[PDB]
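Look below for two forms of one protein chain, each set out as structure tokens: first structure 1, then structure 2.
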Structure 1
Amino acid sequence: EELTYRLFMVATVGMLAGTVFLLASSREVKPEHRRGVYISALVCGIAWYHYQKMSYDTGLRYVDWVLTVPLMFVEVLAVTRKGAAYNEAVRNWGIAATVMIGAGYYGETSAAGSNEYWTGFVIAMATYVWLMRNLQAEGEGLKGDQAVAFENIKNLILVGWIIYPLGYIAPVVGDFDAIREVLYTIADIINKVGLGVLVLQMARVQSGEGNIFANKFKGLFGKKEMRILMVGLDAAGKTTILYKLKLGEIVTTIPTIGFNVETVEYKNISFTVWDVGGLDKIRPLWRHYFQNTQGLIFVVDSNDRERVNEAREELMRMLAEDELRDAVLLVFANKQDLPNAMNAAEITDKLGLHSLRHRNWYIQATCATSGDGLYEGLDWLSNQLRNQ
């Protein structure tokens, strides 16, 4: 009695602290890797609100499970599934979890050892095994650090959720009516807080420059046609950016002597790269690549203070082209890691971006060698071209 009540007090302070740790740790992870951490904090918030209320009514616990369990499948399936396979998995797992929790409440509210007690146990165990068998099959396409991090998510549920049927069986294998609530509370505190930490641990590892398996920049553009021109002075870092995106092989062509072109194609997205400036006889040939250009990326070496003025003249002359009147401008203030590098505010000032009228533009300080800022700039450019 007095011991079964002390755990209800610790879990209440535990679920709130879990929400406190997850929300406070969501700052040290990239914003694109926060959707799972926020849902994990929502799970601990729903648990804290119910564990404050919880002669002892068990319906408050099953109301907590019927809401949090499918939400924990949401933060798990989002790691492996994306589109149509995601909504079909969340729907099936959410239905299976509803039948599991529903069958348990049907049997637990009945008399222990009755036929309704075991009927609810059988159906719940069947859906329980179904959910666990599908969880084992998930993550087959994951590689590297995400495969390891998702394996910890799999093992925590596969092992941690065993406590629940054991707590359900306890009242009939002995005089263990309070052990059922103890095992439920320990399992709720361990699984819900633990999964949030593992989702946070996954977000910490996902938010990084590591792109061995070339997945970081994949889910930004979608399926629409998107022709992107990425230009800038020589040595600005353009070829380095193309390698960092890891969206495909760089196709290098020399249509005429003195004119070098690089292209990368992925789905219906494309980047075309050449140097601006140089000989005046090469300039007219750029016109053969301007039509139907949606995004214009200008890469500038922020450490080259001697040629920052020549970079502006090339940008403005490019923006004067009538075929690029609707092109969305994205300025990459590259090489921010160098000691003499000008910040994004000074690059905007020296490039005169505030004088541009009727032009949807954005400047992003980047380090192409490490990849910092590349995702933020492309995410903005993708948002402009998809939502227009």
Structure 2
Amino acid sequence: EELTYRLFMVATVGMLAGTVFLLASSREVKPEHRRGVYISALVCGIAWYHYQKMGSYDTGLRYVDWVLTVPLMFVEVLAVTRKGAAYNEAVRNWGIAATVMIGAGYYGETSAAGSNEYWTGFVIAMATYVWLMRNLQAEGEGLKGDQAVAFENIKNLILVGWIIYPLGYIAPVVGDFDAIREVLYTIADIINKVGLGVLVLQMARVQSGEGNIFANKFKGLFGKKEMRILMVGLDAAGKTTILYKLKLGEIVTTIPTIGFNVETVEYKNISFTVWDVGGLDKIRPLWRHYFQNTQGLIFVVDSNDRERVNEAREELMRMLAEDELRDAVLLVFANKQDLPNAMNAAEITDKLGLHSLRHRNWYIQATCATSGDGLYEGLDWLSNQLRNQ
């Protein structure tokens, strides 16, 4: 009896420790994948509040915790492998299945052990349990690389760790084991809830990493609407390197006239057009054929090139004078931050005179095109300005 109360005290402290850790590390994940770890911290917080409360024992106290957390634990798993309509369909179906599973378990546990109502709730709960575990096994078939390995660990934890619950359910009918049921339930809750949140965190950590061999890092940013983006800058600013790093498609290089090189990348309804500004004066008039309906203007500048930083400003200001780009949102990539002589973002802002720009929605991001750092942050801002406005 005293061991059952000691585990309730350990569970309360354990759930709270996993709550703050899951919250403290949530800032490292990109905002696209932070929803999973937020739910993960919410599961431990709900378990902490209910284990603080834990005639006789209160079965309803634990089943109230299960009926809320189990669907949420499926939400943070489905938020990893699905998105959009497929995510909402699975959350509804799995949440309903978990609700019937937990509800049937409460119907049977609140009856006489070994009675027909006890086994009926066991039969219904096991059927939905097998259904949930079969759908979980079939999840993540499209994942590859580190995400597939990370999701395999999430699957294995639930597929193995949740077996303790039906075993603990049948303990009262295989022996004088009323106390070991709460022991099995409590230890399983600590292992599964704290464990899944850690595994959900490591998953979202992978989805936010710089490795992009499978080309998934920058696709969940721009959405489905039309978005014409012009990315210009001086030669050797890093524009082609950024195009490759986006992993949004093969670069299409054209030469419409001798001395004018154009690079395009198309994905969904999103397009990047790239050329070098400056150069010969006879080339500048040809840029006007590409300005119409441009929604985003990305200006790349070599932060390590201090001799040409003043010409970079002159080209940007000439571009911002074009009437066809009066509504274009400006995003400035302070590229090559990894180089030792690289000017910081505030210095590039001062050298380019961005604070003098009126009626212009702009933003500057320090970036390293070789490693990709900063590219997601700048594009997430640009995508947010163009989608929400």
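Residue 1 is the first residue of structure 1, and the numbers go on in sequence order from there. If you superpose the two forms and keep the largest set of C-alpha atoms that fall within 1.5 Å, you have the rigid core.
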query	finding
Single mover in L330, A41, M342, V29, with Cα shift of 2 Å or more between structures 1 and 2 when the core is superposed	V29
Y375 CA shift between structures 1 and 2 in angstrom, with the core used for superposition	0.1
Core-aligned CA shift between structures 1 and 2 for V205 (Å)	2.2
